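Protein chains in written order, with PDB author numbering: chain L, 67 to 427; chain P, 11 to 297; chain K, 258 to 428; chain M, 41 to 85, 113 to 348.
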């Protein structure tokens, strides 16, 4: 009799799995009377209740209204609910910015600790002074009487001490980090382009700690003095809307302006204005003091013998960057794979240091 | 740590004069400063360096120590918060002497770099040093130069931060304009504070001060309309918090000033009062 | 442009008209025609102009050499306002005392070193004098701005070329 | 005790009432569930509601619907709805838009280590790049060494390259995905550049594979001159390739390999532990 006691309890738990599933589908069976409503937004007030609303799902259709809601939330700049057939306003939904993958990146801030590409104290901390100042007390710019600088410029080799600063420095600030790819805003067919980015600033007005990072964009750089382009004439055209955010009604001091480029070529001088771009962080080849903090993280990853001298390897570095430092133990560790040991001799590591200097450029 | 051997350096501070400690013992002070510099904030402790400076105060003359603190502020001086205790705490010994050291303290005021431009120290204690210097200048006959010291100095410490420490500075500066003879000066000096005190829980004697000095400003102008407005908030203050002991004699001059103005939009509601129908008959006569 | 006829005190400003400069055909209707039908209507909606003469249309642009030369015909675009730099010592001094009036400045700091040597600059270099020198006081936590920080920021302020030096002609 | 007599008969009689009701209500749903419908895209994951934008350029609003799971809610999620009522029925798979616009699939080609020669010096160094992290990650995670996703080679064919890259797919037994470099550049704005993350999303989700680039010089003729502004999609394709190797990492299913006849462009930014390692002449 006790054999079924434990089984019937599992059957009752299965009945709930055999019940609550279709229970949500039955509400959709009775929902055939109400068709899924389209998209709409209030534009300009016209009559008492009914206003002018253009549906983004098609041509211009002015629908009716319902008394279930009032005109407090019916003002301009809010999403509404319009029926397909009856053509009325059902209820008031909250304004939706469509947080797509390119609208708001699912990857935010980072899972990584402090700079592994860093080690320059003067330049890295120089960026944090124009960031953390408005975050807590913006009382310094009040006595000076100046607008908070958003300018950040990065020029040099991409991906080496340059790209990863976004996923590292901005991750520890505790602010919203939205990755903004240049290949996601192209929109090859009827490009929305910069109009997509305009919808992204809605998070800045809602959430103050918001950081926007443009990742290695040389595409908008060339101004094409000949102007013989085909699809690139729209690019200089869509760039002017991006300049409006640095020009027109939008003034915040929270969202930071960061744009990176490979080379100081024909790049548009207007965006280079000393008001638009301020901090310019070069990617030089510093001494041991600059690469010291990189070697510590570089050492903690590799498990090897406790006898090593990295001071002589600093002089061995010529034209090497944060990415080339990883190459050192990467190639040196390959020689120990067939040796059935994870220990890396200090001379074996220096052999890979010279090997990167041969493949340079 | 390395602070165990410093106790052996306190023996010459007793017998030998402190002038020898300005050189020999200064070398040890430079060694402790070179252990950190700008690499980090506090490696071990910043209090020992401030304690040694305190021991060099009451020993030698104040002219030699004033020059020692000059070089310490030119470069680093350990943590920026350690500069606070290496100076402030030293001034505690001057409070028990003064006399001929008042003119010497003037050089100490100009010795620090935070009087001309605000660097790190945000507290109003240095402004109180100049504030106490004004009180000394008030007895010496200096007037015109008193108001200019406390004008832009209160903003350098806490601009938006702490209003309570800013209260005593605005009140004293407005009194300097009264003794100077310019009523329009102190009117502009108090602006940003506005009514924000009324938007905070009632602190009593604060609101009982400003309105006392604002009537003295209108005394030179002889304007009786603004005086009735400054007697308003204190009229409801003594009728709620305090008793009628100080509430009645103030009301005697409140309704006395209402006859001095051609009524008003607010004065029309000041006609009938519940609590003015008793006690003095002249309060009834004015009613 | 209909509201320009109704409400007389109205000013319509169109920034960055340089988005289109010379011409393009390519796909024809696709991703082109949008501004070519405007040019016909720029000859249309501006024909109803001159009736009220209250309409204000100001177009901002960067490079005016590649724009449409036919717009210079009277009735559409009459006179263009040139925006050079050509800032003399008398012109730059007026902006120096503008933003710095709200900031507390030490009397020992003066721009005469940067005023004499600099020639043919724009308002961007002037507006950043309150920026970079102001941020220099933030790094060191300085209240005012001394004359030294004015000369220290002069390197990054004026010369923007980080590649090789500047003015290699006479070196 | 005696309750189980009428309880077992009642619970067994409800089999068609509860479980089969899922498929009983599908009489009119299956006709709408049939593929001749209008698909859609999920743009959002008061109460509980969401927003769905159809591929017809019509954005529709719907309340809380149990036809989808809470973990299935994703932005830009390919799905499908009814032609009128707009109710999610058949959920389309992942990989929005297209997949690696050109493809050649070969499981185990005849080309092997025996059909190639003189490359055993580079193949000896190639196993420590691709082959080894594909299987055993133990020794690599202990030393924190992240192996690259491929290498670079240039030279005349028949000695290597094409026949070499195909031989690696036979030994490792992985999916062979080949997309030519001149097919990356397109006539529109970011048409092939958008396929960069697309090619990596398909490779990451479905099966291990090695992405091959045929004739890199097509997207590889730039140098440093000022004509790079002629095609802006070329440089973005390269920059999107280099910076996203760390975000798309932590699996065995994505490998980036490039090859050409000759390399006239020297790029110092192509040297990294995760980027191109071997330069094979």
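Quick reminder that beta carbons are idealized off the backbone N, C-alpha and C, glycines included.
Residues sharing a beta bridge with residue i, DSSP
i	result
residue 276(L)	242(L)
residue 315(K)	270(K)
residue 345(L)	218(L)
residue 181(P)	Beta-bridge pairing links residue 181(P) to no other residue.
residue 186(M)	Answer by DSSP bridge pairing: none, since residue 186(M) is not bridged.
residue 81(M)	120(M), 145(M)
residue 279(M)	245(M), 324(M)
residue 223(L)	Its beta-bridge partners do not exist; DSSP assigns none.
Option in the options with minimal Cα separation from residue i
i	options	result
residue 418(L)	406(L), 405(L), 383(L), 407(L)	383(L)
residue 303(K)	261(K), 389(K), 291(K)	261(K)
residue 131(L)	144(L), 142(L), 153(L)	153(L)
residue 268(K)	294(K), 315(K), 301(K)	315(K)
residue 307(K)	418(K), 372(K), 335(K)	335(K)
residue 284(M)	307(M), 220(M), 318(M)	220(M)
residue 246(M)	232(M), 223(M), 339(M), 197(M)	232(M)
residue 90(P)	62(P), 15(P), 123(P)	123(P)
residue 118(L)	142(L), 100(L), 138(L), 136(L)	142(L)
residue 68(P)	56(P), 46(P), 100(P), 242(P)	100(P)
residue 275(P)	235(P), 249(P), 259(P), 43(P)	235(P)
residue 11(P)	32(P), 45(P), 28(P), 31(P)	45(P)
residue 134(M)	111(L), 112(L), 86(L), 126(L)	86(L)
residue 145(M)	129(L), 166(L), 124(L)	166(L)
residue 211(M)	365(L), 216(L), 426(L)	365(L)
residue 227(L)	217(L), 239(L), 186(L), 242(L)	186(L)
residue 324(K)	381(K), 276(K), 345(K)	276(K)
residue 249(M)	301(M), 238(M), 256(M), 207(M)	301(M)
residue 101(M)	399(L), 393(L), 245(L), 362(L)	Gap note for chain M: numbering proceeds from 85 to 113 with nothing in between, so residue 101(M) has no coordinates.
Within chain K, partners of residue i - CB distance below 9 Å
i	result
residue 286(P)	Near residue 286(P) there are no residues of chain K at all, since even the closest Cβ is about 49 Å away, more than 9 Å.
residue 180(P)	Per Cβ cutoff of 9 Å: no residues; residue 180(P) is ~18 Å from chain K at best.
residue 296(L)	281, 283, 284
residue 143(L)	Those within 9 Å of residue 143(L) in chain K number zero; the least Cβ separation is about 19 Å.
residue 162(P)	361
Under 8 Å by beta carbon: chain L residues contacting residue i
i	result
residue 62(M)	87, 88, 91
residue 397(K)	Ordered by position in chain L, no residue passes the 8 Å Cβ test against residue 397(K), which lies about 10 Å from the chain.
Test item: CB-CB of residue i and residue j under 9 Å
i	j	result
residue 232(L)	residue 324(L)	yes
residue 90(L)	residue 196(L)	no
residue 227(M)	residue 298(L)	no
residue 266(L)	residue 163(L)	yes
residue 52(P)	residue 63(P)	no
residue 291(M)	residue 329(L)	yes
residue 262(L)	residue 168(L)	yes
Where residue i meets chain P, residues with beta-carbon distance less than 9 Å
i	result
residue 311(K)	Residues of chain P passing the Cβ test: none, with the nearest at roughly 41 Å.
residue 194(L)	Here the premise fails: no neighbours, minimum Cβ distance about 16 Å.
residue 366(K)	Correct list: empty, because the minimum Cβ distance to chain P is about 10 Å.
Partners in chain K for residue i, counting only beta-carbon separations shorter than 8 Å
i	result
residue 344(L)	385, 388, 389, 392
residue 120(P)	Under the 8 Å cutoff, chain K gives no residues; its nearest Cβ is about 15 Å from residue 120(P).
Chain M contact residues for residue i, given Cβ-Cβ distances below 9 Å
i	result
residue 284(L)	295, 296, 299, 302, 303, 306
residue 389(L)	336, 338, 339, 340, 341, 342
Residues that residue i contacts on chain P, provided the C-beta gap is smaller than 8 Å
i	result
residue 415(K)	None at all; the shortest Cβ gap to chain P is about 26 Å.
Residue i: contacting residues in chain P (beta-carbon distance under 7 Å)
i	result
residue 205(L)	169, 170
Beta-carbon neighbours of residue i, restricted to chain M and to distances below 7 Å
i	result
residue 330(L)	The contacting residues do not exist; residue 330(L) stays about 11 Å from chain M at best.
residue 161(L)	The contacting residues do not exist; residue 161(L) stays about 11 Å from chain M at best.
Interface residues of chain L facing residue i [CB-CB closer than 7 Å]
i	result
residue 359(K)	211
Residues that residue i contacts on chain K, provided the C-beta gap is smaller than 7 Å
i	result
residue 128(P)	400
For this session: Decide yes or no for the touch test of the segment 147-161 of chain M against the segment 59-73 of chain M: beta carbon pairs closer than 8 Å, at least 3 of them.
Result: yes
Exercise. Between the segment 331-347 of chain L and the segment 295-313 of chain L, are three or more C-beta pairs nearer than 8 Å?
Worked result: yes
For this session: Give a yes or no on contact between the segment 58-66 of chain M and the segment 86-101 of chain L, applying the rule of three or more CB pairs nearer than 8 Å.
Result: yes
Exercise. Does the segment 154-174 of chain P touch the segment 104-115 of chain P, meaning 3 or more C-beta pairs lie closer than 8 Å?
Worked result: no
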